[PDB]
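Notes to accompany the following structure.
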Amino acid sequence: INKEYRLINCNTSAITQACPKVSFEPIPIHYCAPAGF
Amino acid sequence: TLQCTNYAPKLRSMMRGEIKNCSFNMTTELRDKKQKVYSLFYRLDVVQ
Amino acid sequence: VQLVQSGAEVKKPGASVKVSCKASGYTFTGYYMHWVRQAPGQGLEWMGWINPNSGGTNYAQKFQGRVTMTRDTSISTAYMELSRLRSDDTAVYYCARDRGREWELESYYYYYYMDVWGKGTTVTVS
Amino acid sequence: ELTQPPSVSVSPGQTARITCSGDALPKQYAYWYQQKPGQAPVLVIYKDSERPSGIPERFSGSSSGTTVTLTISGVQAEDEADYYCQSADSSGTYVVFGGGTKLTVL
Ligand SMILES: *[C@@H]1O[C@H](CO)[C@@H](O[C@@H]2O[C@H](CO)[C@@H](O)[C@H](O)[C@H]2NC(C)=O)[C@H](O)[C@H]1NC(C)=O
Ligand SMILES: *[C@@H]1O[C@H](CO)[C@@H](O[C@@H]2O[C@H](CO)[C@@H](O)[C@H](O)[C@H]2NC(C)=O)[C@H](O)[C@H]1NC(C)=O
Ligand SMILES: *[C@@H]1O[C@H](CO)[C@@H](O)[C@H](O)[C@H]1NC(C)=O
């Protein structure tokens, strides 16, 4: 920003730390029809 | 705490005393800095 | 428009003169008539004013009690009578008219301006 | 209650800066007049900065604090004049004038 640095997100938004206990593994999801469909 | 004066003291109109010119010490994007800000307020929005 | 003033007068100390100022080209009432003095080599000294409609006046502290301001609306004329003249009072005496009321809605304000001026009446005291 | 310099000078084409000051000014308007020998003074600037149409673009005003200023850009020989500031006392009940500043063009 003119040493003298800022985090890049400060330009547009607040940042949230992802919970360390939550996995990003892409576990398979099945989509099921409601009755009548 | 806001520091105010009259916006247009040289005025006899019905707006005399209606708009105040106030200064603030505002926050900014970074927590380490402050901004000196001037803005106008209507009389009814402030209290001495 | 025009403000027409009385001619020059030369008087001895203790004497008096009358400076008239007739209106032409505008309504006499509705504006105030101001008087300003300018001694030779000096700047502009406000003397006071008269309300041509009501007859009310406002004098500078230096002239209050020495100068009488009056008017006669039937002839559209303002007057300034200078009494108890001193040699110190040699000056050109000007009449002037200010702006009318500045209505926002039902208001007046009375900001003061001159601009409509007579040519001045020379009064010499000696 | 109004004080202004006794004189200023410019060469023709230069800007005149004529100032006037006093205690009542922060709350009162100033008016400026141009007087030449032989005539009643004529307003140049009203309400501190406004130019009333018949006055050329060379004239403008500004103000700050207790000081009001008349500036004339491109001053010409015809602008040699005694310039006056006019205002009012703090009560707004009496009208006051400065002594007049002579602007000479050299
Ligand atoms: C975030 O900060 C960047 C860095 O100052 C701003 O974008 C820059 O804008 C200039 C303008 O010519 C570009 O040359 C830079 O390459 C830009 N940088 C980047 C990283 O894109 C950016 O606009 C700011 N974002 C917001 C919302 O103001
Ligand atoms: C309400 O009526 C008033 C009557 O005065 C209008 O005020 C005038 O509006 C014109 C428009 O330019 C101005 O030039 C006049 O000077 C105004 N009068 C005064 C006393 O200033 C007003 O505009 C009307 N309002 C609406 C919303 O139409
Ligand atoms: C801002 O902080 C400075 C620190 O000295 C202070 O003097 C100033 O009055 C503050 N301004 C406002 C409007 O709070």
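Each chain in the structure tokens gets a letter, A, B, ..., in the order shown, and its residues are numbered from 1; ligands are numbered from 1 in order too.
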Item to check | Close residues to ligand 2 using only C-alpha atoms and all ligand atoms, limit 9 Å, as a PyMOL selection string | outcome: chain C and resi 102-107
Next, the residues of the selection above should be written as a JSON list (two decimals), in the first residue's frame with N, CA and C atoms.
[["chain", "number", "residue", "atom", "x", "y", "z"],
["C", 102, "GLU", "N", -36.46, 40.10, 0.45],
["C", 102, "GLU", "CA", -36.16, 38.85, -0.21],
["C", 102, "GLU", "C", -37.06, 37.81, 0.38],
["C", 103, "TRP", "N", -38.14, 37.54, -0.30],
["C", 103, "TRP", "CA", -39.11, 36.64, 0.26],
["C", 103, "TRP", "C", -38.69, 35.23, -0.01],
["C", 104, "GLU", "N", -38.71, 34.37, 1.00],
["C", 104, "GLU", "CA", -38.49, 32.96, 0.74],
["C", 104, "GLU", "C", -39.85, 32.35, 0.51],
["C", 105, "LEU", "N", -40.80, 32.86, 1.28],
["C", 105, "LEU", "CA", -42.21, 32.51, 1.27],
["C", 105, "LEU", "C", -42.99, 33.66, 1.90],
["C", 106, "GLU", "N", -42.84, 33.81, 3.22],
["C", 106, "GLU", "CA", -43.54, 34.84, 4.01],
["C", 106, "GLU", "C", -42.58, 35.73, 4.83],
["C", 107, "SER", "N", -41.31, 35.62, 4.50],
["C", 107, "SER", "CA", -40.16, 36.26, 5.13],
["C", 107, "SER", "C", -39.60, 37.53, 4.47]]
Checklist entry - What do you get as number ranges by chain if you pick all residues at most 12 Å from ligand 1, counting only C-alpha atoms and all ligand atoms? => result A: 1-2, 5-13; B: 29
I need the chosen residues saved as a PDB file, in the first residue's frame, with C-alpha atoms.
ATOM      1  CA  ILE A   1       0.000   0.000   0.000  1.00  0.00           C
ATOM      2  CA  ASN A   2       2.919   2.412   0.224  1.00  0.00           C
ATOM      3  CA  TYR A   5       1.179  -4.241   3.260  1.00  0.00           C
ATOM      4  CA  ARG A   6      -2.492  -5.096   3.731  1.00  0.00           C
ATOM      5  CA  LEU A   7      -4.423  -8.282   3.194  1.00  0.00           C
ATOM      6  CA  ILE A   8      -6.016  -8.318  -0.196  1.00  0.00           C
ATOM      7  CA  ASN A   9      -9.543  -8.888   1.092  1.00  0.00           C
ATOM      8  CA  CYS A  10      -9.601  -5.529   2.894  1.00  0.00           C
ATOM      9  CA  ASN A  11     -10.370  -3.836  -0.393  1.00  0.00           C
ATOM     10  CA  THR A  12     -13.840  -5.382  -0.591  1.00  0.00           C
ATOM     11  CA  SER A  13     -14.815  -7.546   2.334  1.00  0.00           C
TER      12      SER A  13
ATOM     13  CA  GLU B  29     -10.493  -0.022   5.995  1.00  0.00           C
TER      14      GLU B  29
END
Next on the checklist: For range 14-21 of chain B, find every residue with an atom within 6 Å (counting only C-alpha atoms), except residues of its own chain fewer than 6 positions away, and show them as an NGL selection string.
Outcome noted: :B and (4-7 or 39-43)
Take the residues just selected and output them with N, CA and C atoms as a tab-separated table (two decimals), in the first residue's frame.
chain	number	residue	atom	x	y	z
B	4	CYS	N	-19.36	20.42	15.79
B	4	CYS	CA	-20.16	21.11	14.78
B	4	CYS	C	-20.16	22.62	14.88
B	5	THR	N	-20.29	23.23	13.70
B	5	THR	CA	-20.54	24.65	13.50
B	5	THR	C	-21.70	24.85	12.54
B	6	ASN	N	-22.13	26.08	12.34
B	6	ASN	CA	-23.24	26.29	11.40
B	6	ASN	C	-22.74	26.24	9.97
B	7	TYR	N	-23.48	25.57	9.09
B	7	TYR	CA	-23.10	25.47	7.69
B	7	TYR	C	-23.02	26.79	6.97
B	39	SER	N	-18.91	16.47	7.24
B	39	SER	CA	-20.21	16.18	6.65
B	39	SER	C	-21.28	17.10	7.16
B	40	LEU	N	-22.38	17.18	6.43
B	40	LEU	CA	-23.46	18.02	6.87
B	40	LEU	C	-24.60	17.24	7.47
B	41	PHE	N	-25.16	17.79	8.52
B	41	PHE	CA	-26.31	17.23	9.19
B	41	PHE	C	-27.41	18.21	9.35
B	42	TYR	N	-28.61	17.71	9.38
B	42	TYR	CA	-29.71	18.58	9.68
B	42	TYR	C	-29.77	18.73	11.17
B	43	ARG	N	-30.21	19.88	11.63
B	43	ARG	CA	-30.30	20.15	13.05
B	43	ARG	C	-31.03	19.10	13.84
Checklist entry - Which residue, C:26, C:109, C:94, C:31, has the smallest gap to chain D when you use only C-alpha atoms? => result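 Residue with the minimum atom-to-atom distance to chain D: C:94.
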Checklist entry - Neighbours of ligand 3 within 12 Å, counting only C-alpha atoms and all ligand atoms, as a count of residues only? => result 19
Checklist entry - So how many Å separate CA of residue 55 in chain D and CA of residue 16 in chain D, to one decimal? => result 15.8 Å
Write down, as a PDB file with C-alpha atoms, in the first residue's frame, each residue of chain B that has any atom within 10 Å of an atom of chain D, counting only C-alpha atoms.
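Dumped to iface_27.pdb:
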ATOM      1  CA  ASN B   6     -23.235  26.291  11.399  1.00  0.00           C
ATOM      2  CA  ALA B   8     -24.082  28.877   6.445  1.00  0.00           C
ATOM      3  CA  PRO B   9     -23.795  31.378   9.342  1.00  0.00           C
ATOM      4  CA  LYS B  10     -24.057  34.179   6.830  1.00  0.00           C
ATOM      5  CA  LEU B  11     -27.700  33.553   6.297  1.00  0.00           C
ATOM      6  CA  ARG B  12     -30.966  35.159   7.372  1.00  0.00           C
TER       7      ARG B  12
END
Tell me, counting only C-alpha atoms, for each residue of chain C within 9 Å of chain D, which pair of atoms is nearest and how far apart they are in Å to one decimal, in rows ordered by chain and increasing number, as JSON lines.
{"residue": "C:42", "atom": "CA", "partner": "D:99", "partner_atom": "CA", "distance": 7.1}
{"residue": "C:43", "atom": "CA", "partner": "D:99", "partner_atom": "CA", "distance": 4.8}
{"residue": "C:44", "atom": "CA", "partner": "D:97", "partner_atom": "CA", "distance": 6.3}
{"residue": "C:45", "atom": "CA", "partner": "D:97", "partner_atom": "CA", "distance": 6.5}
{"residue": "C:46", "atom": "CA", "partner": "D:96", "partner_atom": "CA", "distance": 6.2}
{"residue": "C:47", "atom": "CA", "partner": "D:95", "partner_atom": "CA", "distance": 8.6}
{"residue": "C:48", "atom": "CA", "partner": "D:94", "partner_atom": "CA", "distance": 7.9}
{"residue": "C:58", "atom": "CA", "partner": "D:94", "partner_atom": "CA", "distance": 7.8}
{"residue": "C:59", "atom": "CA", "partner": "D:94", "partner_atom": "CA", "distance": 7.9}
{"residue": "C:60", "atom": "CA", "partner": "D:94", "partner_atom": "CA", "distance": 6.8}
{"residue": "C:94", "atom": "CA", "partner": "D:40", "partner_atom": "CA", "distance": 7.6}
{"residue": "C:111", "atom": "CA", "partner": "D:29", "partner_atom": "CA", "distance": 8.4}
{"residue": "C:112", "atom": "CA", "partner": "D:95", "partner_atom": "CA", "distance": 7.8}
{"residue": "C:113", "atom": "CA", "partner": "D:31", "partner_atom": "CA", "distance": 7.3}
{"residue": "C:114", "atom": "CA", "partner": "D:43", "partner_atom": "CA", "distance": 7.5}
{"residue": "C:115", "atom": "CA", "partner": "D:42", "partner_atom": "CA", "distance": 5.6}
{"residue": "C:116", "atom": "CA", "partner": "D:42", "partner_atom": "CA", "distance": 8.4}
{"residue": "C:117", "atom": "CA", "partner": "D:40", "partner_atom": "CA", "distance": 6.4}
{"residue": "C:118", "atom": "CA", "partner": "D:40", "partner_atom": "CA", "distance": 7.2}
{"residue": "C:119", "atom": "CA", "partner": "D:40", "partner_atom": "CA", "distance": 6.1}
{"residue": "C:120", "atom": "CA", "partner": "D:40", "partner_atom": "CA", "distance": 7.3}
Next on the checklist: Quick check for you: according to DSSP on this backbone, which residues of chain D are classed as helix (DSSP H, G or I)? Reply as an MDAnalysis selection string.
Outcome noted: chainID D and resid 25:27 77:79
For the residues in the current selection, export N, CA, C and O atoms as a CSV table (one decimal), in the first residue's frame.
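Output file again-v7.csv is given in full below:
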chain,number,residue,atom,x,y,z
D,25,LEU,N,-17.3,39.9,10.8
D,25,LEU,CA,-17.4,39.3,9.5
D,25,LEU,C,-17.8,37.8,9.4
D,25,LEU,O,-18.5,37.4,8.5
D,26,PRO,N,-17.3,36.9,10.3
D,26,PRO,CA,-17.6,35.5,10.2
D,26,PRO,C,-19.1,35.2,10.1
D,26,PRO,O,-19.5,34.1,9.7
D,27,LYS,N,-20.0,36.1,10.6
D,27,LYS,CA,-21.4,35.9,10.6
D,27,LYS,C,-22.2,37.0,9.8
D,27,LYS,O,-23.4,37.0,9.8
D,77,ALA,N,-6.4,49.6,-16.9
D,77,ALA,CA,-6.3,51.0,-16.4
D,77,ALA,C,-7.7,51.5,-16.0
D,77,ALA,O,-7.7,52.3,-15.0
D,78,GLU,N,-8.8,51.1,-16.6
D,78,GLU,CA,-10.1,51.6,-16.2
D,78,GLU,C,-10.5,51.1,-14.8
D,78,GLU,O,-11.6,51.5,-14.4
D,79,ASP,N,-9.8,50.2,-14.2
D,79,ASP,CA,-10.1,49.6,-12.9
D,79,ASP,C,-9.4,50.4,-11.8
D,79,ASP,O,-9.5,50.0,-10.6
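Within 12 Å of chain A, chain B contributes the residues residues 28, 29, 30, 31 and 32 of chain B, using only C-alpha atoms.
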Checklist outcome for this item: note - CA of residue 14 in chain C and CA of residue 71 in chain C are separated by 23.6 Å
Item to check | Between CA of residue 96 in chain C and CA of residue 36 in chain C - distance in Å to one decimal | outcome: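 Taking CA of residue 36 in chain C as the start and CA of residue 96 in chain C as the end point, the length is 7.7 Å.
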Item to check | DSSP-assigned strand (DSSP E) among chain C, expressed as a PyMOL selection string | outcome: chain C and resi 2-5+9-11+17-24+33-38+45-50+57-59+67-72+77-82+91-97+116-117+121-125
Checklist entry - If you count only C-alpha atoms, which residues fall within 10 Å of residue 80 in chain D, apart from same-chain ones fewer than 6 positions away, as JSON, numbers by chain? => result {"D": [9, 10, 12, 34, 35, 36, 102, 103, 104, 105, 106]}
For range 121-124 of chain C, list every protein, DNA or RNA residue within 7 Å, evaluated using only C-alpha atoms, and leave out those in the same chain fewer than 2 positions away; present the list as a PDB file with N, CA, C and O atoms, in the first residue's frame.
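Produced file around00.pdb, reproduced below:
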ATOM      1  N   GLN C   5     -31.107  64.503  -5.931  1.00  0.00           N
ATOM      2  CA  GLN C   5     -30.777  65.193  -4.695  1.00  0.00           C
ATOM      3  C   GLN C   5     -30.785  66.708  -4.796  1.00  0.00           C
ATOM      4  O   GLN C   5     -30.638  67.267  -5.890  1.00  0.00           O
ATOM      5  N   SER C   6     -30.907  67.362  -3.634  1.00  0.00           N
ATOM      6  CA  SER C   6     -30.863  68.831  -3.572  1.00  0.00           C
ATOM      7  C   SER C   6     -29.464  69.343  -3.929  1.00  0.00           C
ATOM      8  O   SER C   6     -28.470  68.599  -3.877  1.00  0.00           O
ATOM      9  N   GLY C   7     -29.377  70.631  -4.285  1.00  0.00           N
ATOM     10  CA  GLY C   7     -28.098  71.208  -4.676  1.00  0.00           C
ATOM     11  C   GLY C   7     -27.216  71.563  -3.493  1.00  0.00           C
ATOM     12  O   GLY C   7     -27.620  71.457  -2.339  1.00  0.00           O
ATOM     13  N   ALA C   8     -26.010  72.022  -3.801  1.00  0.00           N
ATOM     14  CA  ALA C   8     -25.022  72.346  -2.785  1.00  0.00           C
ATOM     15  C   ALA C   8     -25.394  73.551  -1.942  1.00  0.00           C
ATOM     16  O   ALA C   8     -26.022  74.499  -2.420  1.00  0.00           O
ATOM     17  N   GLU C   9     -24.964  73.507  -0.684  1.00  0.00           N
ATOM     18  CA  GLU C   9     -25.152  74.616   0.246  1.00  0.00           C
ATOM     19  C   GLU C   9     -23.859  74.918   0.999  1.00  0.00           C
ATOM     20  O   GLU C   9     -23.093  73.999   1.313  1.00  0.00           O
ATOM     21  N   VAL C  10     -23.632  76.199   1.301  1.00  0.00           N
ATOM     22  CA  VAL C  10     -22.473  76.598   2.094  1.00  0.00           C
ATOM     23  C   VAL C  10     -22.962  77.321   3.338  1.00  0.00           C
ATOM     24  O   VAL C  10     -23.672  78.326   3.237  1.00  0.00           O
ATOM     25  N   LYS C  11     -22.577  76.809   4.496  1.00  0.00           N
ATOM     26  CA  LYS C  11     -23.033  77.327   5.771  1.00  0.00           C
ATOM     27  C   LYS C  11     -21.932  77.583   6.786  1.00  0.00           C
ATOM     28  O   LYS C  11     -20.826  77.069   6.668  1.00  0.00           O
ATOM     29  N   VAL C  19     -30.790  67.966   2.721  1.00  0.00           N
ATOM     30  CA  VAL C  19     -30.463  67.154   1.597  1.00  0.00           C
ATOM     31  C   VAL C  19     -31.686  66.334   1.209  1.00  0.00           C
ATOM     32  O   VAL C  19     -32.106  65.422   1.920  1.00  0.00           O
ATOM     33  N   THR C  90     -17.819  69.070   6.482  1.00  0.00           N
ATOM     34  CA  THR C  90     -17.792  69.304   5.048  1.00  0.00           C
ATOM     35  C   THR C  90     -17.670  67.951   4.371  1.00  0.00           C
ATOM     36  O   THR C  90     -16.740  67.188   4.647  1.00  0.00           O
ATOM     37  N   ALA C  91     -18.617  67.657   3.489  1.00  0.00           N
ATOM     38  CA  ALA C  91     -18.671  66.361   2.824  1.00  0.00           C
ATOM     39  C   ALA C  91     -19.692  66.314   1.727  1.00  0.00           C
ATOM     40  O   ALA C  91     -20.561  67.183   1.644  1.00  0.00           O
ATOM     41  N   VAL C  92     -19.614  65.282   0.904  1.00  0.00           N
ATOM     42  CA  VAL C  92     -20.694  65.049  -0.029  1.00  0.00           C
ATOM     43  C   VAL C  92     -21.651  64.060   0.610  1.00  0.00           C
ATOM     44  O   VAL C  92     -21.251  62.995   1.087  1.00  0.00           O
ATOM     45  N   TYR C  93     -22.911  64.437   0.661  1.00  0.00           N
ATOM     46  CA  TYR C  93     -23.932  63.629   1.286  1.00  0.00           C
ATOM     47  C   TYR C  93     -24.772  62.899   0.261  1.00  0.00           C
ATOM     48  O   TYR C  93     -25.462  63.514  -0.556  1.00  0.00           O
ATOM     49  N   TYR C  94     -24.718  61.578   0.290  1.00  0.00           N
ATOM     50  CA  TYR C  94     -25.404  60.774  -0.699  1.00  0.00           C
ATOM     51  C   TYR C  94     -26.608  60.044  -0.175  1.00  0.00           C
ATOM     52  O   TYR C  94     -26.584  59.484   0.924  1.00  0.00           O
ATOM     53  N   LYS C 119     -26.453  61.519  -6.838  1.00  0.00           N
ATOM     54  CA  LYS C 119     -25.105  61.969  -7.194  1.00  0.00           C
ATOM     55  C   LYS C 119     -24.367  62.596  -6.028  1.00  0.00           C
ATOM     56  O   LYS C 119     -23.164  62.850  -6.104  1.00  0.00           O
ATOM     57  N   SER C 126     -18.076  76.350   6.867  1.00  0.00           N
ATOM     58  CA  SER C 126     -16.889  77.181   7.076  1.00  0.00           C
ATOM     59  C   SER C 126     -17.187  78.641   7.411  1.00  0.00           C
ATOM     60  O   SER C 126     -17.228  78.994   8.593  1.00  0.00           O
TER      61      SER C 126
END
Item to check | Residues near residue 63 in chain C, cut-off 12 Å, only C-alpha atoms, skip fewer than 6 positions along chain, as a list in words | outcome: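 Neighbouring residues, sequence-local ones excluded: residues 35, 36, 37, 45, 46, 47, 48, 49, 57, 69, 80, 81, 82, 83, 84, 85 and 89 of chain C.
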